[PDB]
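Before any comments, here is the structure.
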Amino acid sequence: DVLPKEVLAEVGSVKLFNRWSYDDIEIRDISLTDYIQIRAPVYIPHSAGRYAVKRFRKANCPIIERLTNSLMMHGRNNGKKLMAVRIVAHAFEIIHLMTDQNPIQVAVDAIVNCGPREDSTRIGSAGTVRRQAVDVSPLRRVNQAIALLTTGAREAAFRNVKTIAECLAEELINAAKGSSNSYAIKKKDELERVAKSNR
Amino acid sequence: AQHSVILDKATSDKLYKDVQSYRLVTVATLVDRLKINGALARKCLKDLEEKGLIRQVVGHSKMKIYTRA
Amino acid sequence: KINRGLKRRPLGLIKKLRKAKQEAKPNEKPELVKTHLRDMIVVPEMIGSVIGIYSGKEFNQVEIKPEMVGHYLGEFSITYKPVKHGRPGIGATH
Amino acid sequence: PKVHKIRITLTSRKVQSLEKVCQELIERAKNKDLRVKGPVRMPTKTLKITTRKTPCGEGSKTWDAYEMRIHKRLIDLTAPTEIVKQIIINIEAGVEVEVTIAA
Amino acid sequence: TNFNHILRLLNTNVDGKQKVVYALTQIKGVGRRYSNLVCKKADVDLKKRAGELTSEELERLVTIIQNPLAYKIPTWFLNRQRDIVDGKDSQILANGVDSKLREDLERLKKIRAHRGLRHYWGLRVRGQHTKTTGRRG
Amino acid sequence: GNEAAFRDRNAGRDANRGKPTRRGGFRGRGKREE
Amino acid sequence: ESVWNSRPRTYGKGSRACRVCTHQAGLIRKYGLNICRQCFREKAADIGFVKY
Amino acid sequence: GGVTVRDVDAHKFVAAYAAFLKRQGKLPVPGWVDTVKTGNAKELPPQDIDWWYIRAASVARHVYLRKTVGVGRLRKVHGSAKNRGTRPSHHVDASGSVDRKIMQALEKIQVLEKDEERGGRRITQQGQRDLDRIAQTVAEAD
RNA sequence: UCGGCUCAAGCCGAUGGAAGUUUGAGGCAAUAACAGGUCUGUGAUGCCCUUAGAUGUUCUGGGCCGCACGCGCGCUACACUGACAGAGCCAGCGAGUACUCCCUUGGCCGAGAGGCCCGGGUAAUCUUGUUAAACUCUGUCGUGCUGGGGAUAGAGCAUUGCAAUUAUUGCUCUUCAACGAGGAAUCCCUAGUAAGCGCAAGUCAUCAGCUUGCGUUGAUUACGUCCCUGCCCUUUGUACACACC
Ligand SMILES: [Zn+2]
């Protein structure tokens, strides 16, 4: 009886974060594989990895830690991912209870849709824009998506009686399809539109 | 900019009308959709729980979440 | 302040006040005493005299009233003249 | 010839000089077939002082940190009374020594 | 239906939809915790709002306020002494604070004390630097 | 003195608030004899 | 007549000074040195103090 | 199997023991209650009316788990930070008389004894056995 | 050690390994200059000046803090990723008493600040496991400048000190200002780093919003370029060489 009696069913099953097995992940598109890593799972994102030491060592990392790190910002939330890991796991339950689908399915398909493909870079034109509408790499896609996603949740929940958990929850489910009521997708769509102009 | 601290008849029968049809219930949703105070929401939460119409998922000092029975 | 002992300077000035009060003739105001010290609490026993307290440059004399028992004598002679001010100089331009 | 279980302590600024003194002292004693409990070495204490370099204050502000270190390395022994005077001879310079009978 | 969302004690309205202990804090001269002490000793349900109450409990509430020392409250917890050379204690309330505030000014004014001069002119009385501090307003 | 200062109603905080308030041809250092 | 420097001087600053300057500013009190911080680094090697 | 105090949830033990101790109903109250600030750093009295009894469990438990304890050490264990306003915060310890007299009363009811040997107070055999019983009950109820 | 570039010096990437950016961080540091700073560190020092109504030394009181207003380094906040009430509970660097009064445990009195009586330690032995803060669990409050915020002031109680008024600081009760993420501008920073949070030492009888050090939690983005702002090397021009002052 060294281990808690209640949490015993998992042992006869493949490794998972109790409530959700990572098995049977989406089949929707390509070009973001090799850059989202789930093939080696983890229970909790609180792993003290040395991803920063090299260029692409942070490319081999479960997406679950990425979300937790991105959520903590703005001075007060510096190094306190415990709340962050709390919210993400709890928010998973909300969307699972609000929709029969797997919450990892909710997070993955949203982030693969909310990334731009072309953008614009400010080369010197003596005060004007020679903006050639350059392309974007798949790695930067997820980097900007996660960053802008988490910012959308906090700004919405700010100065409101709603809390971030369900606010973040609503953000993911609206981004599943073209709801247009999501911070991410609204700003995402304009980016190509201004880029398409200077094409 | 005030939420009625006391529950009236009009809110009561609306409550027992729809709360068996919601998918999720929270403190926020009650204060938002039903124009009720947060204090009464926690009071309503505990009373409707014991009568057995919503099921608890997790309990904690900050957020309580319940679904259908 | 009174629980601790009182040194030569308090006793010295009190005997000056005592001498003035005894030699004063009724229907007249007692003579004036000038001092530099400014750290004596006001005592009801010390009523009926006129004291010229030093204000850092000059001696200022004030008649003592009874209801001020809970202050010092220094608190009754200002050190600095109030600032009327003037016209801004060649500064404050950057 | 009643033993008293003495203890002898040493102090110095150097490290290598003191340390070789400690080994030779233990072997000089041991040659006459006396029992000895080994070299209990006390911890080294480090003390620092930081001060400003400039004497006036213009320019950037820069500090420097001087240091000094101290060692103890005391020794104990079980022996009769006056053999200590013959044995504690031939010490170095600067090195201080204090003897505690610990009776 | 006894929900009366307005109350009137000592010439000032107070709200009723808030909690009982915090409503008394609205009155000048009493704080959030001083209210707690006296509202605890009157044996009133602290868990309910200030609107669902009635007159009789209110009577004991206000009664404590005027004479504190008679109802087993210490002296150091109070906020008034030495109104004169031979003085007594007190517990000043909404309009007595302004009245006793004024009084102090002409007392110090007529005595011609340094503090009065600062109050007269209107500068900082307690010693603090002013040459760059809060001079705009 | 101190008593007189109280009577000396000349200029106060409100009075102070009420009261209201070249080309050189030389180069960077050439100016003056500095 | 000998009351000119009567006032006690065993309390606070001014009752102590550097062994070489009698300069009462920035004086060191750690470890019982009582020497100016300025004069220090000129006799530091003699006292025995080496930087690292 | 056999259990002891160290085999139960912390916050459960204090709540479980608080309920039992009040049902027995034998300990002095010096009247300090209703007028205490809980410490020089805190602002309002605790909310729960029965806070004073609850506290009893917490202090009894640690004296079992420590070699020796005294009145002064509880001050600095129970303290916390104080919002001095716009200046930065520090660490300040709790009230001394409150902790002193409460454990005076506690030891009069045969739970611990004085230690003039070295200082402080250690728990006594009967007191040690008492805590185990309440802890044991929790295990099966779980 | 390997696998692809490559004449080579090397660079990158995988494996092994505690460690593969010079393994991480510092100390010292060339030829030669500046009318850079310091005469207020020195019984280091030239000249000038003052010297007994002293610019020598000493005692009393004050001021350097006085305020319509412009500028710089910092501290607290604008809240729910929060405030408030209980409880669970984890460090490191350092410091400490002789002619003086240091670090202080324990017992007793005291709402609180404080007070009295034995005692330990000149120290890996006693203070000290420095039970620090942040943090974690259970509740109250609930979008309202409200229980977020703590400027301004009144009353009272103590401590340091010869002396607290222009409040030293602390404690007790009341009073409840501006401030909803801040224009034109502009700073610091590449991994146990920024940032958050506290602790020790320095000055010190008391006073830290300051500096020098210590630990806890712990990330987004890059492995680059000369577009802006600095600097050095080459080519070039000179009627300058005290050298564009
Ligand atoms: Zn010197």
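Identifiers for the structure tokens are assigned positionally: chains receive A, B, ... in sequence, residues are indexed from 1 per chain, and ligands are indexed from 1 in the order shown.
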Surrounding residues as a PyMOL selection string, ligand 1, max 8 Å, only C-alpha atoms (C1' of nucleotides) and all ligand atoms: (chain G and resi 17-23+35-40) or (chain I and resi 41-42)
Close residues, range 5-9 of chain F itself excluded, 12 Å, only C-alpha atoms (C1' of nucleotides), min 2 positions apart in chain, as a PDB file with N, CA, C and O atoms, in the first residue's frame:
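Output saved as selection_38.pdb:
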```pdb
ATOM      1  N   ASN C  60      13.177  86.299  22.150  1.00  0.00           N
ATOM      2  CA  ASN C  60      11.769  86.631  21.978  1.00  0.00           C
ATOM      3  C   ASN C  60      11.018  86.367  23.275  1.00  0.00           C
ATOM      4  O   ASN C  60      11.044  85.247  23.796  1.00  0.00           O
ATOM      5  N   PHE C  76       7.667  77.874  20.964  1.00  0.00           N
ATOM      6  CA  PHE C  76       7.050  79.197  20.943  1.00  0.00           C
ATOM      7  C   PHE C  76       7.993  80.299  20.468  1.00  0.00           C
ATOM      8  O   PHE C  76       7.782  81.470  20.795  1.00  0.00           O
ATOM      9  N   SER C  77       9.023  79.957  19.697  1.00  0.00           N
ATOM     10  CA  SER C  77       9.871  80.960  19.056  1.00  0.00           C
ATOM     11  C   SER C  77      10.422  80.342  17.781  1.00  0.00           C
ATOM     12  O   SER C  77      11.324  79.503  17.838  1.00  0.00           O
ATOM     13  N   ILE C  78       9.881  80.764  16.638  1.00  0.00           N
ATOM     14  CA  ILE C  78      10.266  80.153  15.378  1.00  0.00           C
ATOM     15  C   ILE C  78      11.718  80.493  15.056  1.00  0.00           C
ATOM     16  O   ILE C  78      12.275  81.499  15.510  1.00  0.00           O
ATOM     17  N   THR C  79      12.341  79.625  14.263  1.00  0.00           N
ATOM     18  CA  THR C  79      13.726  79.791  13.843  1.00  0.00           C
ATOM     19  C   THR C  79      13.864  80.462  12.487  1.00  0.00           C
ATOM     20  O   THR C  79      14.820  81.213  12.274  1.00  0.00           O
ATOM     21  N   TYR C  80      12.936  80.211  11.569  1.00  0.00           N
ATOM     22  CA  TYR C  80      13.028  80.697  10.204  1.00  0.00           C
ATOM     23  C   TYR C  80      11.857  81.615   9.896  1.00  0.00           C
ATOM     24  O   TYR C  80      10.732  81.379  10.346  1.00  0.00           O
ATOM     25  N   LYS C  81      12.126  82.651   9.130  1.00  0.00           N
ATOM     26  CA  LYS C  81      11.075  83.518   8.626  1.00  0.00           C
ATOM     27  C   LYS C  81      10.325  82.832   7.487  1.00  0.00           C
ATOM     28  O   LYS C  81      10.934  82.119   6.686  1.00  0.00           O
ATOM     29  N   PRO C  82       9.010  83.013   7.403  1.00  0.00           N
ATOM     30  CA  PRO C  82       8.248  82.379   6.324  1.00  0.00           C
ATOM     31  C   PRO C  82       8.723  82.866   4.964  1.00  0.00           C
ATOM     32  O   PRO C  82       9.168  84.004   4.808  1.00  0.00           O
ATOM     33  N   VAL C  83       8.627  81.985   3.975  1.00  0.00           N
ATOM     34  CA  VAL C  83       9.147  82.258   2.639  1.00  0.00           C
ATOM     35  C   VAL C  83       8.065  82.926   1.793  1.00  0.00           C
ATOM     36  O   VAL C  83       7.063  82.309   1.425  1.00  0.00           O
ATOM     37  N   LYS C  84       8.254  84.217   1.517  1.00  0.00           N
ATOM     38  CA  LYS C  84       7.380  84.931   0.594  1.00  0.00           C
ATOM     39  C   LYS C  84       7.670  84.575  -0.859  1.00  0.00           C
ATOM     40  O   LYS C  84       6.771  84.667  -1.703  1.00  0.00           O
TER      41      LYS C  84
ATOM     42  N   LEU E 108      -4.697  75.742  19.341  1.00  0.00           N
ATOM     43  CA  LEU E 108      -3.317  75.949  18.921  1.00  0.00           C
ATOM     44  C   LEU E 108      -3.123  77.323  18.292  1.00  0.00           C
ATOM     45  O   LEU E 108      -2.049  77.920  18.422  1.00  0.00           O
ATOM     46  N   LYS E 109      -4.138  77.831  17.591  1.00  0.00           N
ATOM     47  CA  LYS E 109      -4.035  79.158  16.996  1.00  0.00           C
ATOM     48  C   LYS E 109      -3.870  80.233  18.063  1.00  0.00           C
ATOM     49  O   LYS E 109      -2.938  81.043  18.004  1.00  0.00           O
ATOM     50  N   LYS E 110      -4.765  80.252  19.056  1.00  0.00           N
ATOM     51  CA  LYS E 110      -4.731  81.322  20.049  1.00  0.00           C
ATOM     52  C   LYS E 110      -3.494  81.221  20.933  1.00  0.00           C
ATOM     53  O   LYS E 110      -2.897  82.243  21.288  1.00  0.00           O
ATOM     54  N   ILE E 111      -3.107  80.003  21.318  1.00  0.00           N
ATOM     55  CA  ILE E 111      -1.867  79.823  22.062  1.00  0.00           C
ATOM     56  C   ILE E 111      -0.673  80.322  21.258  1.00  0.00           C
ATOM     57  O   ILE E 111       0.385  80.600  21.834  1.00  0.00           O
ATOM     58  N   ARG E 112      -0.815  80.431  19.930  1.00  0.00           N
ATOM     59  CA  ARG E 112       0.258  80.895  19.048  1.00  0.00           C
ATOM     60  C   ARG E 112       1.436  79.924  19.049  1.00  0.00           C
ATOM     61  O   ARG E 112       2.597  80.314  19.192  1.00  0.00           O
ATOM     62  N   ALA E 113       1.125  78.642  18.895  1.00  0.00           N
ATOM     63  CA  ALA E 113       2.143  77.608  18.827  1.00  0.00           C
ATOM     64  C   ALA E 113       2.553  77.320  17.386  1.00  0.00           C
ATOM     65  O   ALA E 113       1.788  77.526  16.441  1.00  0.00           O
ATOM     66  N   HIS E 114       3.788  76.823  17.241  1.00  0.00           N
ATOM     67  CA  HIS E 114       4.371  76.612  15.919  1.00  0.00           C
ATOM     68  C   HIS E 114       3.479  75.713  15.073  1.00  0.00           C
ATOM     69  O   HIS E 114       3.256  75.984  13.887  1.00  0.00           O
ATOM     70  N   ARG E 115       2.934  74.653  15.676  1.00  0.00           N
ATOM     71  CA  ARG E 115       2.059  73.750  14.935  1.00  0.00           C
ATOM     72  C   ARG E 115       0.857  74.496  14.381  1.00  0.00           C
ATOM     73  O   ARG E 115       0.421  74.241  13.252  1.00  0.00           O
ATOM     74  N   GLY E 116       0.303  75.420  15.168  1.00  0.00           N
ATOM     75  CA  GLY E 116      -0.808  76.214  14.680  1.00  0.00           C
ATOM     76  C   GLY E 116      -0.428  77.038  13.467  1.00  0.00           C
ATOM     77  O   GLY E 116      -1.194  77.134  12.506  1.00  0.00           O
ATOM     78  N   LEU E 117       0.771  77.626  13.487  1.00  0.00           N
ATOM     79  CA  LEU E 117       1.224  78.417  12.350  1.00  0.00           C
ATOM     80  C   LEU E 117       1.295  77.568  11.089  1.00  0.00           C
ATOM     81  O   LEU E 117       0.845  77.995  10.020  1.00  0.00           O
ATOM     82  N   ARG E 118       1.844  76.356  11.198  1.00  0.00           N
ATOM     83  CA  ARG E 118       1.846  75.456  10.051  1.00  0.00           C
ATOM     84  C   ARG E 118       0.423  75.128   9.628  1.00  0.00           C
ATOM     85  O   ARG E 118       0.104  75.134   8.434  1.00  0.00           O
ATOM     86  N   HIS E 119      -0.448  74.841  10.597  1.00  0.00           N
ATOM     87  CA  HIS E 119      -1.853  74.609  10.284  1.00  0.00           C
ATOM     88  C   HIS E 119      -2.494  75.861   9.707  1.00  0.00           C
ATOM     89  O   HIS E 119      -3.244  75.789   8.726  1.00  0.00           O
ATOM     90  N   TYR E 120      -2.225  77.017  10.319  1.00  0.00           N
ATOM     91  CA  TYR E 120      -2.719  78.290   9.805  1.00  0.00           C
ATOM     92  C   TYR E 120      -2.344  78.463   8.339  1.00  0.00           C
ATOM     93  O   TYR E 120      -3.212  78.590   7.469  1.00  0.00           O
ATOM     94  N   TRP E 121      -1.041  78.475   8.050  1.00  0.00           N
ATOM     95  CA  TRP E 121      -0.592  78.578   6.667  1.00  0.00           C
ATOM     96  C   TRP E 121      -1.053  77.375   5.856  1.00  0.00           C
ATOM     97  O   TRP E 121      -1.474  77.517   4.701  1.00  0.00           O
TER      98      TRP E 121
ATOM     99  N   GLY F   1       7.951  88.665  17.666  1.00  0.00           N
ATOM    100  CA  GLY F   1       8.584  87.772  16.715  1.00  0.00           C
ATOM    101  C   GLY F   1       7.667  86.662  16.243  1.00  0.00           C
ATOM    102  O   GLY F   1       6.985  86.805  15.227  1.00  0.00           O
ATOM    103  N   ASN F   2       7.658  85.550  16.982  1.00  0.00           N
ATOM    104  CA  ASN F   2       6.790  84.432  16.628  1.00  0.00           C
ATOM    105  C   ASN F   2       5.333  84.870  16.662  1.00  0.00           C
ATOM    106  O   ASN F   2       4.560  84.582  15.741  1.00  0.00           O
ATOM    107  N   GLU F   3       4.946  85.592  17.715  1.00  0.00           N
ATOM    108  CA  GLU F   3       3.588  86.117  17.792  1.00  0.00           C
ATOM    109  C   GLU F   3       3.321  87.107  16.664  1.00  0.00           C
ATOM    110  O   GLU F   3       2.228  87.124  16.087  1.00  0.00           O
ATOM    111  N   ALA F  11       1.613  87.386   2.135  1.00  0.00           N
ATOM    112  CA  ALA F  11       1.930  86.268   1.251  1.00  0.00           C
ATOM    113  C   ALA F  11       1.721  84.919   1.930  1.00  0.00           C
ATOM    114  O   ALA F  11       2.321  84.631   2.971  1.00  0.00           O
ATOM    115  N   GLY F  12       0.875  84.084   1.336  1.00  0.00           N
ATOM    116  CA  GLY F  12       0.601  82.758   1.849  1.00  0.00           C
ATOM    117  C   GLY F  12       0.714  81.746   0.731  1.00  0.00           C
ATOM    118  O   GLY F  12       1.127  82.104  -0.377  1.00  0.00           O
ATOM    119  N   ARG F  13       0.365  80.483   0.994  1.00  0.00           N
ATOM    120  CA  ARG F  13       0.481  79.470  -0.049  1.00  0.00           C
ATOM    121  C   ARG F  13      -0.392  79.819  -1.245  1.00  0.00           C
ATOM    122  O   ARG F  13       0.037  79.689  -2.396  1.00  0.00           O
ATOM    123  N   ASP F  14      -1.617  80.283  -0.991  1.00  0.00           N
ATOM    124  CA  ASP F  14      -2.499  80.683  -2.081  1.00  0.00           C
ATOM    125  C   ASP F  14      -1.952  81.908  -2.802  1.00  0.00           C
ATOM    126  O   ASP F  14      -2.060  82.013  -4.030  1.00  0.00           O
ATOM    127  N   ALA F  15      -1.373  82.850  -2.055  1.00  0.00           N
ATOM    128  CA  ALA F  15      -0.797  84.040  -2.671  1.00  0.00           C
ATOM    129  C   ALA F  15       0.344  83.678  -3.613  1.00  0.00           C
ATOM    130  O   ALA F  15       0.474  84.263  -4.695  1.00  0.00           O
TER     131      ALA F  15
END
```
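Taking CA of residue 74 in chain H as the reference point, CA of residue 62 in chain H is found at 10.6 Å.
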At most 8 Å is the cut-off: for each residue in chain H with any atom that close to an atom of chain I, write down the nearest atom pair and the distance in Å rounded to one decimal, counting only C-alpha atoms (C1' of nucleotides), chain first then increasing number, as CSV.
```
residue,atom,partner,partner_atom,distance
H:10,CA,I:88,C1',6.5
H:11,CA,I:87,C1',6.7
H:32,CA,I:111,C1',7.7
H:35,CA,I:111,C1',7.2
H:36,CA,I:111,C1',6.6
H:40,CA,I:112,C1',6.9
H:46,CA,I:85,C1',5.3
H:47,CA,I:85,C1',5.6
H:48,CA,I:86,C1',7.8
H:51,CA,I:86,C1',7.6
H:70,CA,I:106,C1',7.7
H:77,CA,I:131,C1',5.9
H:81,CA,I:133,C1',8.0
H:85,CA,I:150,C1',5.9
H:86,CA,I:76,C1',4.1
H:87,CA,I:209,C1',5.7
H:88,CA,I:209,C1',7.0
H:91,CA,I:132,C1',7.1
H:95,CA,I:112,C1',7.9
H:97,CA,I:110,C1',7.7
H:119,CA,I:106,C1',5.5
H:120,CA,I:106,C1',6.8
```
8 Å contact set for residue 142 in chain I, only C-alpha atoms (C1' of nucleotides), chain neighbours under 4 positions out, as JSON, numbers by chain: {"A": [161], "B": [37, 38, 39]}
Selection export as a CSV table (one decimal), in the first residue's frame, atoms kept: N, CA and C atoms:
```csv
chain,number,residue,atom,x,y,z
A,161,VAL,N,-15.5,39.3,-14.2
A,161,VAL,CA,-15.8,38.3,-13.2
A,161,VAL,C,-15.5,36.9,-13.6
B,37,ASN,N,-26.1,37.7,-7.7
B,37,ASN,CA,-24.8,38.0,-7.0
B,37,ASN,C,-24.0,36.7,-6.8
B,38,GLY,N,-22.7,37.0,-6.6
B,38,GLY,CA,-21.8,35.8,-6.5
B,38,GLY,C,-21.9,35.1,-5.1
B,39,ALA,N,-22.2,35.9,-4.1
B,39,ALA,CA,-22.4,35.2,-2.8
B,39,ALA,C,-23.5,34.3,-2.8
```
Using only C-alpha atoms, I'd like every residue of chain G that has an atom within 6 Å of chain D; please write them out as a PyMOL selection string. chain G and resi 49-51
If we count only C-alpha atoms (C1' of nucleotides), what is near range 95-100 of chain A at a cut-off of 10 Å, once residues fewer than 4 positions away on the same chain are taken out, given as JSON, numbers by chain? {"A": [20, 90, 91, 104, 106, 166, 168, 169, 170, 172, 173], "B": [22, 23, 24, 57, 65, 66, 67, 68]}
Hey, which of B:26, B:64, B:54, B:34 ends up closest to residue 13 in chain B? Count only C-alpha atoms.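 Smallest separation from residue 13 in chain B among the options: B:34.
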Taking the DSSP secondary structure from the backbone, can you list the residues of range 5-196 of chain A that are strand (DSSP E), as a PyMOL selection string? chain A and resi 118-119+134-135
Distance-based interface of chain I with chain C, 8 Å, counting only C-alpha atoms (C1' of nucleotides), as a list in words: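 Only these qualify: residues 60, 61, 62, 66, 67, 68, 69, 70, 71, 163 and 165 of chain I.
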Would you list, as a VMD selection string, the residues of chain E that end up in helix (DSSP H, G or I) under DSSP run on this structure's backbone? chain E and resid 20 to 24 32 to 41 55 to 66 69 to 71 94 to 111 114 to 121
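For the pair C1' of residue 144 in chain I and CA of residue 84 in chain H, the separation is 26.7 Å.
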Considering only C-alpha atoms (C1' of nucleotides), return as a list in words whatever protein or nucleic-acid residues lie within 8 Å of range 17-32 of chain D, sequence-local ones (same chain, fewer than 3 positions apart) excluded.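 Once the adjacent positions are removed, what remains is residues 12, 14, 35, 36, 39, 87, 88, 91 and 95 of chain D.
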Residue selection dump (N, CA and C atoms) as a PDB file, in the first residue's frame:
```
ATOM      1  N   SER D  12      47.710  29.419  12.255  1.00  0.00           N
ATOM      2  CA  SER D  12      48.620  29.989  11.267  1.00  0.00           C
ATOM      3  C   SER D  12      47.807  30.538  10.104  1.00  0.00           C
ATOM      4  N   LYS D  14      49.386  30.438   6.849  1.00  0.00           N
ATOM      5  CA  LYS D  14      49.768  29.520   5.789  1.00  0.00           C
ATOM      6  C   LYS D  14      48.976  28.219   5.897  1.00  0.00           C
ATOM      7  N   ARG D  35      50.153   5.806  21.789  1.00  0.00           N
ATOM      8  CA  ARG D  35      48.882   5.778  21.086  1.00  0.00           C
ATOM      9  C   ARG D  35      48.418   7.200  20.809  1.00  0.00           C
ATOM     10  N   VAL D  36      47.802   7.395  19.647  1.00  0.00           N
ATOM     11  CA  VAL D  36      47.445   8.723  19.160  1.00  0.00           C
ATOM     12  C   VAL D  36      46.131   8.608  18.407  1.00  0.00           C
ATOM     13  N   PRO D  39      44.421  13.268  13.209  1.00  0.00           N
ATOM     14  CA  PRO D  39      44.416  14.740  13.048  1.00  0.00           C
ATOM     15  C   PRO D  39      43.038  15.341  12.781  1.00  0.00           C
ATOM     16  N   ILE D  87      58.741  17.235  23.567  1.00  0.00           N
ATOM     17  CA  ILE D  87      58.295  16.834  22.236  1.00  0.00           C
ATOM     18  C   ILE D  87      57.826  18.015  21.384  1.00  0.00           C
ATOM     19  N   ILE D  88      57.331  19.086  22.001  1.00  0.00           N
ATOM     20  CA  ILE D  88      56.683  20.167  21.262  1.00  0.00           C
ATOM     21  C   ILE D  88      57.738  21.160  20.777  1.00  0.00           C
ATOM     22  N   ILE D  91      59.581  24.100  16.484  1.00  0.00           N
ATOM     23  CA  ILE D  91      58.443  24.614  15.737  1.00  0.00           C
ATOM     24  C   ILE D  91      58.917  25.731  14.816  1.00  0.00           C
ATOM     25  N   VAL D  95      53.952  30.461  13.489  1.00  0.00           N
ATOM     26  CA  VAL D  95      52.965  29.485  13.932  1.00  0.00           C
ATOM     27  C   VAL D  95      52.793  29.573  15.441  1.00  0.00           C
TER      28      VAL D  95
END
```
Write out as CSV a residue-level contact list of chain I versus chain E with cut-off 7 Å: for each qualifying residue the closest pair of atoms and the distance in Å to one decimal, counting only C-alpha atoms (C1' of nucleotides), rows sorted by chain and residue number upward.
```
residue,atom,partner,partner_atom,distance
I:65,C1',E:129,CA,5.8
I:67,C1',E:131,CA,5.3
I:155,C1',E:80,CA,5.2
I:156,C1',E:81,CA,6.9
I:166,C1',E:127,CA,5.7
I:167,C1',E:126,CA,4.8
I:172,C1',E:76,CA,6.4
I:173,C1',E:79,CA,4.7
I:174,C1',E:29,CA,5.5
```
Shell of 9 Å around residue 49 in chain E, only C-alpha atoms (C1' of nucleotides), local chain residues under 6 positions omitted, as a PyMOL selection string: (chain B and resi 5) or (chain E and resi 16-21)
Can you tell me which residues surround residue 202 in chain I at a distance of at most 9 Å, considering only C-alpha atoms (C1' of nucleotides), apart from same-chain residues fewer than 3 positions away, and format the answer as a list in words?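 Once the adjacent positions are removed, what remains is residues 50 of chain D; 28 and 30 of chain G; 211 and 212 of chain I.
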Can I get the selection written as a PDB file, in the first residue's frame, with C-alpha atoms (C1' of nucleotides)?
```pdb
ATOM      1  CA  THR D  50      34.954  45.427   0.571  1.00  0.00           C
TER       2      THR D  50
ATOM      3  CA  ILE G  28      36.042  50.942   9.344  1.00  0.00           C
ATOM      4  CA  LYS G  30      34.878  45.471  11.260  1.00  0.00           C
TER       5      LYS G  30
ATOM      6  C1'   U I 211      24.937  49.848  -1.456  1.00  0.00           C
ATOM      7  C1'   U I 212      27.902  45.207  -0.986  1.00  0.00           C
TER       8        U I 212
END
```
